[PDB]
Amino acid sequence: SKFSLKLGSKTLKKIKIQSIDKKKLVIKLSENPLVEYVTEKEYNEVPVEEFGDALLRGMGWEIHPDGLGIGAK
Amino acid sequence: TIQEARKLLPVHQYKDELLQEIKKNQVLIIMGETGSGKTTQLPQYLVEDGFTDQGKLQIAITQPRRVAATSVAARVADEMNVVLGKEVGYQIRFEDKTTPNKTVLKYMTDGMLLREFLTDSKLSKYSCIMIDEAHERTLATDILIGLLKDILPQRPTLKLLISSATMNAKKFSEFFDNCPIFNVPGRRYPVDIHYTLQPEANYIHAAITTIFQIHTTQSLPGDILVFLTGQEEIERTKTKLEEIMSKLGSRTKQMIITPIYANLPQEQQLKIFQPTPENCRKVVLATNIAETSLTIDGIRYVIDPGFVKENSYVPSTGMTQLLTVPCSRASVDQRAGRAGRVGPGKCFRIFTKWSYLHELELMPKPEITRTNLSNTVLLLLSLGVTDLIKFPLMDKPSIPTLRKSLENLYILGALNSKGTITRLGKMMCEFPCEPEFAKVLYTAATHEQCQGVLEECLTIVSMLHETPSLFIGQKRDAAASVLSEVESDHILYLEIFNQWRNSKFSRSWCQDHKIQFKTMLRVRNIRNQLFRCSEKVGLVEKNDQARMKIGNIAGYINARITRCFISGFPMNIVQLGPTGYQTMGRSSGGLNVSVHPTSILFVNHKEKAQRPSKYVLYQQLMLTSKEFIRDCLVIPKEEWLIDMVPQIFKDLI
RNA sequence: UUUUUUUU
C-alpha cells in the first residue's frame with residue numbers, strides 16, 4: 001500500500017611506505033660428459049673481462065744506456 | 001783405465017756415506033760444484049747397489065738441455081761398457097733411444113717428465129728421480145718440483161734427488177720442509193780473479209783494450225773468450241777489432257775472430273771446434289751460449305763485462321720486453337768457471353770489488369715469474385689442481401700474470417664458463433705446441449668457414465717455431481729470390497717450405513736461396529710430429545672430407561689460412577691509426593707499435609709503397625729499442641674479425 | 001731501423 005521499487009544488479013546492468021629511517025661474480029671449480037663449445041649464450045652471462053677476476057675470487061684472492069760499467073756515474 | 005778413472009772423480013770417495021744418507025731420507029739435496037761428477041756417477045751407484053733390482057721401476061735423470069742429455073748418456077755407455085739404447089738410454093723430444101724393458105737409467109729432459117704426468121700422475125714407473133742442474137730454474141723445473149711436493153705423501157717409497165749450485169741450495173731445503181743438504185766440494189784448476197780499480201765509462205772499448213793487453217804480452221798458447229750481450233754488440237766489436245789488427249805491425253802473430261751466438265748459422269759455429277794452428281791466437285766472442293751449453297777447448301782467459309740480456313713478459317698489455325740488465329752474482333761465478341777448464345786460467349772482470357758486492361744481486365730471476373703462463377695453467381688444471389694461488393710453488397707468479405692466462409684460455413674455448421676444461425681444451429694438452437697454436441689446427445679441420453686447409457696450417461705452424469734461425473743474413477734478399485708477390489709474413493713460410501719440398505729436401509737448394517739447411521731439418525721434424533698427433537686425435541680424417549666434398553684450390557686458400565690464425569690468436573690484432581698501428585685490446589690501449597725491419601710488411605711499406613692494411617695480426621709484441629711487431633699477417637676484410645671471434649670483436653668494432 | 005738463452 002506504499003511506493004516501493006527494487007534496484008537489483010540485474011535491473012541496472014607510487015610506493016607505499018610505513019616509516020622513514022635514517023654485485024660481484026664468483027665461480028668455483030668442480031673437484032674430482034664433455035662440452036663441444038663454449039656457445040654464444042655463455043659469454044653473454046660471464047664476460048671475458050669478468051672471468052679472470054671471478055675465477056681467482058672463487059679461489060680466495062680478494063732502459064740502461066748504451067755503454068756503461070756497473071757503476072759509471 | 002775407465003774403472004781407474006772413476007775413482008779419480010770427487011763424488012766417488014763420498015759414496016759410502018752417501019748411500020746410507022739416501023736410504024734413510026726421502027728427499028736429499030746435493031750441493032756440488034760443476035765437474036764434481038754428481039751427474040754421471042750418481043745413478044750408476046744405485047744400479048751397482050741393486051736399487052731397481054727385480055722390480056720394473058727404472059731411474060730417471062732430468063736435465064734442462066736436450067744436447068746435454070744425449071752427450072752425457074754416451075759417457076755412461078762408455079763407463080758401464082754397454083751400447084747406447086740398452087741398459088743406458090735417453091728420451092728427448094725427437095730421438096727416443098730406449099728399450100722398454102732392458103734400459104735401466106734414462107737421461108730424459110725436463111719438458112719430457114712433465115708430459116708423463118699428463119697420462120700417469122703418480123709416476124708408477126720410477127723409483128728415483130734425480131733433478132739435475134736445478135739452479136738453471138727452467139719453467140719445466142719449477143712446476144716439476146712443485147708437483148713432486150704433492151706426490152711425496154702419495155708415495156713414500158719414491159726417492160727424489162736434487163743436484164744444485166751452492167748459493168741456490170739453501171732455498172730448496174726450506175721448500176721441502178728442511179730435508180738434509182749433502183755436500184761434495186769438488187773443484188778443478190782454480191782461477192785468479194782480476195778486477196778494475198775504478199768504474200769504466202764505455203765497456204766495449206775496455207774490452208778491446210784488455211784483449212791487446214793479453215795478446216801483446218802474455219804467454220802462449222792462450223785463447224780469449226769474451227762475453228758480450230747480444231748479436232749487435234758482437235759485430236761492432238768484430239769490425240773494430242779487424243781494423244786495429246791490420247794497423248798493428250807485421251811482427252805480431254795472427255789473431256782470429258770467431259763469433260758465437262744461437263742464431264748464427266751452423267757452418268760458422270763449427271769454426272771454434274777446429275784447433276787453431278801454431279803462431280796464431282784464437283779470440284772468441286760469445287753470448288750466454290758459452291757459459292752453460294758447450295765447451296771450447298783451450299780457453300785460458302775470460303773477459304767478463306758482467307751484462308746479460310733478459311726478457312720480462314709484461315702481462316697487462318701482453319708484451320715481452322728484452323732489456324740489458326746487470327747480471328747476478330750466480331751467473332758471474334759461472335762465467336769465471338769457464339776459464340779453468342784445462343789448466344789454471346785468468347778471469348778479467350770489468351767492474352770493481354765494491355760494486356760486485358753491493359750493486360749486483362744473488363739470484364737472477366726465477367723464470368716462472370718472467371715468461372708466459374698460458375700453457376702451464378692448462379697443464380695444472382688438467383692434473384686436477386683447483387686452487388692456483390695456494391698451489392705450493394716456490395716462486396709465485398704475480399696475480400696479473402695468472403689472471404691474463406685464465407682469460408686467454410676462456411677466449412679460445414678451452415675452459416667452460418663454469419671453469420671446466422672442455423673437449424677442445426683436452427686436445428691442447430696433447431699437442432706439443434702452445435694453446436694458441438693448437439686451436440689453429442683445430443679450426444683448420446672442423447670450423448665451417450675454415451675447413452680443409454689443415455695441410456697448409458701444419459706447414460706454417462712448423463715454420464713459426466723456427467723463424468729466428470731461418471735466413472742467412474737479411475730476409476728480403478732471400479725473400480725476393482723465392483717469390484715476389486707475398487704480402488704477408490706467413491704465406492712466405494708456406495711457400496719456402498713447399499718449394500723446398502718439391503726440390504726433394506735438397507741441401508743444395510737451401511744454399512742457393514740463403515736458408516739455413518740445419519733449421520729446415522728441424523722444421524721437417526716438427527711438422528711430422530704435429531701430423532702424427534693430428535691423426536691420433538682424428539683431425540686428418542675430418543680434414544680430407546672437406547677437400548673432396550668441397551673442391552677449393554683457388555686463391556681462396558690464403559683467405560682461409562688467414563681466418564684460422566684469427567681464431568687462434570684473437571688478442572694479437574692491431575688497427576691502423578693516426579700515429580701508426582695501435583693495439584686493439586679492450587684492457588690495453590694503443591701502444592703505437594711499429595713493424596720490425598725484418599718483416600715482409602716492412603719491405604712493402606717502405607721499399608715499395610703499398611697502402612697499409614687496416615688490420616695486422618702479429619705473432620710477437622717485443623720491445624728491444626721500440627715497441628715492435630714480428631711475423632705479421634695482413635687481414636684484408638674487417639668482417640672476418642666479427643665472424644671468427646665474436647666473443648671479443650662484436651664489442652670493439 | 002734489426003732476437004738473450006731454451007724446452008714440449
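Note that we place each Cβ from the backbone using ideal geometry, even for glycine, and neighbour counts take in every protein chain shown. All of this is worked out from the model, or read from it or from the source named; nothing here is a laboratory result.
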Name the one entry in B:132, B:110, B:96 that is in the same structural domain as residue B:161 (by TED's automatic domain parsing), surrounded by fewer than 18 Cβ atoms within 10 Å (Cβ to Cβ) and not polar (S, T, N, Q). B:96
Every residue in region A:6-46 that is within 24 Å of the chain's Cα centre (by Cα), within 7 Å of another protein chain (Cβ to nearest Cβ) and farther than 22 Å from residue B:645 by Cα, please. A:27, A:29, A:30
Just to be sure I understand the filter: pairs with C-beta atoms under 8 Å, separated by 6 or more residues or on different chains, first member in region B:305-321 and more than 11 Å from chain A (Cβ to nearest Cβ) and part of a loop (DSSP other than H, G, I, E, B), second member within 13 Å of RNA strand C (Cβ to nearest atom) and among the hydrophobic types (A, V, I, L, M, F, W, C). Which pairs pass? B:317/B:621; B:318/B:621
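Here is a yes/no grid of residues against (1) more than 16 Å from RNA strand C (Cβ to nearest atom); (2) over 32 Å from the mean Cα position of the chain (by Cα):
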residue: B:20; (1), (2): yes, yes
residue: B:23; (1), (2): yes, yes
residue: B:41; (1), (2): yes, no
residue: B:44; (1), (2): yes, no
residue: B:53; (1), (2): yes, yes
residue: B:58; (1), (2): yes, no
residue: B:67; (1), (2): no, no
residue: B:70; (1), (2): no, no
Tell me which residues, restricted to region B:620-646, are within 16 Å of RNA strand C (Cβ to nearest atom) and either over 16 Å from residue B:468 (Cα atoms) or in contact with a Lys or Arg (Cβ under 6 Å, 6 or more places away or on another chain) (or both). B:620, B:625, B:626, B:627, B:633
For residue A:49, state whether it is at the interface with another protein chain (Cβ under 10 Å from one of its Cβ atoms), over 30 Å from residue B:305 (Cα atoms) and not in a loop (DSSP other than H, G, I, E, B). yes
Give region B:436-483 a look and list any residue that's within 14 Å of chain A (Cβ to nearest Cβ) and either within 16 Å of RNA strand C (Cβ to nearest atom) or surrounded by fewer than 23 Cβ atoms within 10 Å (Cβ to Cβ) (or both), or say none. B:439, B:446, B:447, B:448
Give just the number: which of (1) within 20 Å of residue B:304 (Cβ to Cβ); (2) not in a loop (DSSP other than H, G, I, E, B) does residue B:229 not satisfy? (2)
Suppose we filter region B:324-379 for residues that are assigned to a helix (DSSP H, G or I) and more than 25 Å from the chain's Cα centre (by Cα); how many remain? 6
Among the candidates B:239, B:258, B:209, B:276, residue that is assigned to a helix (DSSP H, G or I), among the hydroxyl-bearing types (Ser, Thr, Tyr) and under 33 Å from the mean Cα position of the chain (by Cα): B:239
Can you name every residue in region B:185-199 that is away from every other protein chain (no Cβ under 14 Å) and in a loop (DSSP other than H, G, I, E, B)? B:185, B:186, B:187, B:188, B:189, B:190, B:191
Looking only at region B:354-394, which residues are within 30 Å of residue B:304 (Cα to Cα), facing chain A (nearest Cβ under 10 Å) and of a type in the set (A, V, I, L, M)? B:360
Identify, from the list B:166, B:119, B:157, the residue that is away from chain A (no Cβ under 14 Å), within 16 Å of RNA strand C (Cβ to nearest atom) and not hydrophobic (A, V, I, L, M, F, W, C). B:119
Out of B:609, B:546, report the one residue that is surrounded by fewer than 20 Cβ atoms within 10 Å (Cβ to Cβ) and more than 16 Å from RNA strand C (Cβ to nearest atom). B:546
Residues of region B:582-606 satisfying the condition of being within 16 Å of RNA strand C (Cβ to nearest atom) and of a type in the set (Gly, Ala, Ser): B:594, B:599
Find the residue count for region B:219-238, including only residues that are among the polar types (S, T, N, Q) and either away from RNA strand C (no atom under 16 Å from the Cβ) or within 12 Å of residue B:345 (Cα to Cα) (or both). 1
What are the pairs with Cβ atoms under 6 angstrom where one residue, in region B:258-282, is farther than 20 Å from residue B:302 by Cα and the other, located anywhere, is away from RNA strand C (no atom under 16 Å from the Cβ)? Sequence gap at least six, or different chains. B:279/B:253
Residue B:528 versus (1) within 15 Å of RNA strand C (Cβ to nearest atom); (2) touching a helix residue (DSSP H, G or I) at 6+ places or on another chain (Cβ under 8 Å): which is the lone unmet condition? (2)
Of the residues that sit in region A:52-67 and are more than 7 Å from chain B (Cβ to nearest Cβ) and under 30 Å from residue B:205 (Cα atoms), which one is farthest from the chain's Cα centre (by Cα)? A:66
Spot the failing condition for residue B:360; the list is (1) touching a helix residue (DSSP H, G or I) at 6+ places or on another chain (Cβ under 6 Å); (2) within 16 Å of RNA strand C (Cβ to nearest atom), and only one is missed. (2)
Any chance region B:282-292 includes a residue that's out of contact with any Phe, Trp or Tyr (no Cβ under 8 Å at 6 or more places or on another chain), assigned to a strand (DSSP E or B), closer than 26 Å to residue B:474 by Cβ and among the basic types (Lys, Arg)? no
Within region B:72-90, is even one residue of a type in the set (S, T, N, Q) and within 13 Å of RNA strand C (Cβ to nearest atom)? no
Is it the case that residue B:323 is out of contact with any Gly (no Cβ under 7 Å at 6 or more places or on another chain) and away from RNA strand C (no atom under 13 Å from the Cβ)? no
Looking only at region B:257-296, which residues are under 30 Å from residue B:467 (Cα atoms), hydrophobic (A, V, I, L, M, F, W, C) and away from RNA strand C (no atom under 16 Å from the Cβ)? B:257, B:283
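Just the residues that are within 13 Å of RNA strand C (Cβ to nearest atom) and more than 13 Å from residue B:402 (Cα to Cα), please, taken from region B:371-385.
Scanning region B:371-385 gives a single hit, B:379.
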Within region B:406-435, of all residues that are under 17 Å from residue A:50 (Cβ atoms), part of a helix (DSSP H, G or I) and facing chain A (nearest Cβ under 7 Å), the one nearest to the chain's Cα centre (by Cα) is B:406
